[PDB]
């Protein structure tokens, strides 16, 4: 039915980045909190503003949706990309989530050219990055959004077609937002 692809929000920022802080207060019998987080913390979507470009409206209401397909990075050598709106890339690096090692695992995606020529609208990955500044800008400059730090459930989706929904914090004019991502399986 529904598979959650989001990591639980934890204080596991990229080194250099703001820590997660949740400040709880007791007031008149209610418990209330303040949340302090960097925009790139945990499962998040990058917008073009992140690399100094103007954001656009590729998705109505900013709701990431459409047919999804998941490929394994190691299996996918000289292939036709799947016909999909959202391409998920399973690296296996999610195995290392929550461990410092994780931020040293940088995927090498040899078929970025092909993604840029496709009608893919967003790429998601179970890793901290799809690559460097240049790789991010290459995608973002060509109106392809990027979702990072997806969880290990991408493993379950490899070779499968599913419907993808990514619901960010409804902010516009930001470089990035925390995003809750699910796969709806048939």
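Positions refer to the first chain, counted from 1.
Stretch with the greater mean C-alpha B-factor as recorded in the entry, comparing 53-61 against 141-149: Looking at the record's C-alpha B-factors, the answer is 53-61.
Mean Cα B-factor comparison, 126-134 or 40-48, giving the higher one as deposited: According to the PDB entry, the answer is 126-134.
For the chain shown, is the CA B-factor of residue 35 in the lowest, middle or highest third of its modelled residues? Residue 35: CA B-factor falls in the lowest third of its chain.
Split into thirds by Cα B-factor across the chain's modelled residues, where does residue 171 land: lowest, middle or highest? It falls in the top third of the chain.
Ranked against its chain, the third holding the CA B-factor of residue 94: Residue 94: CA B-factor falls in the lowest third of its chain.
Consider only the C-alpha atoms of the modelled residues in this chain, order them by B-factor as the entry records it, and name the third containing residue 183: lowest, middle or highest. It falls in the middle third of the chain.
Ranked C-alpha temperature factor of residue 88 among modelled chain residues, by third: Its C-alpha B-factor, which the entry lists for residue 88, ranks in the lowest third among residues of this chain.
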